[PDB]
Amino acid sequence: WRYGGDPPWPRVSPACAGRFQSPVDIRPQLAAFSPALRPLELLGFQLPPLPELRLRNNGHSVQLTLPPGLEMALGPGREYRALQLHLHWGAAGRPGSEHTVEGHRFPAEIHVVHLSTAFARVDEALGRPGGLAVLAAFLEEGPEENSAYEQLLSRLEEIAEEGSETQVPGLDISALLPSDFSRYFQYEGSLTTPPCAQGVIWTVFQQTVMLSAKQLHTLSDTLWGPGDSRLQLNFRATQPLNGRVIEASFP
């Protein structure tokens, strides 16, 4: 499987043709306000410079491996530990976010992938409701160089070859996320690549994060994927809700 044409994803993974896939188009007016949704809790995300973290070009994204002890709660007793994060992005002059808002695709999107602490292993959790939870944020263009993102973007040139990897200093993972942890959309969907396993709780922050134009260009223009090809437009098309109501934590 690659982005941009065959093999068709259901022929790779029949799961990719399930009823409750991700990503989706968020339409705020149809989202259901649910006051039960409490502010996200993220502890342990402020990493010291040592030890160092693996940053890998895997041909589908750039992926940072997170150490044990990043703990996240979606609600009382509903806790998670962070595994990895990675980006989705477009190309020169084209947005590449996975989720969209009223049809708007954003320049890029960050995913932070967590495992329910009720499961010892990711593979127990795949397919199980709530087993995995992803935190997603939109990346937009802004006037300033983002210092937290720059720690990653300034290392992309060292892993430009598909399958290559570097070690980065520890950073504040929470500094990559939006201001307000109380404002988000939530629904249940899937991995957005094969194996397209369902039961994934998606939390999309209402607020975006801002990168410079140079920074965004760096993200789309630096990396090389499968073939002799450019790692770009690494996003799945939005998928039908098929009866799912997207919930929101704010009126």
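All residue numbers refer to positions in the sequence shown, first residue = 1.
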Item to complete: Check the entry's C-alpha temperature factors for 83-91 and 107-115, then say which stretch has the higher mean.
Response: 83-91
Worksheet item: In the PDB record, does 7-15 or 234-242 carry the higher mean Cα temperature factor?
Response: 7-15
Worksheet item: From 180, 123, 98, 165, pick the one with the largest CA B-factor in the entry?
Response: 165
Fill in: Deposited CA B-factor, highest of 65, 206, 212, 198
212
Fill in: CA B-factor ranking of residue 45, expressed as a third of its chain
lowest
Worksheet item: Within this chain, which third does the Cα B-factor at residue 193 fall in: lowest, middle or highest?
Response: middle
Worksheet item: Lowest, middle or highest third: where is residue 186 by Cα B-factor in its chain?
Response: lowest
Discussion item. Among the modelled residues of this chain, does the Cα B factor of residue 224 put it in the lowest, middle or highest third?
Written reply: highest
Discussion item. Which third, lowest, middle or highest, does the C-alpha temperature factor of residue 36 belong to within its own chain?
Written reply: middle
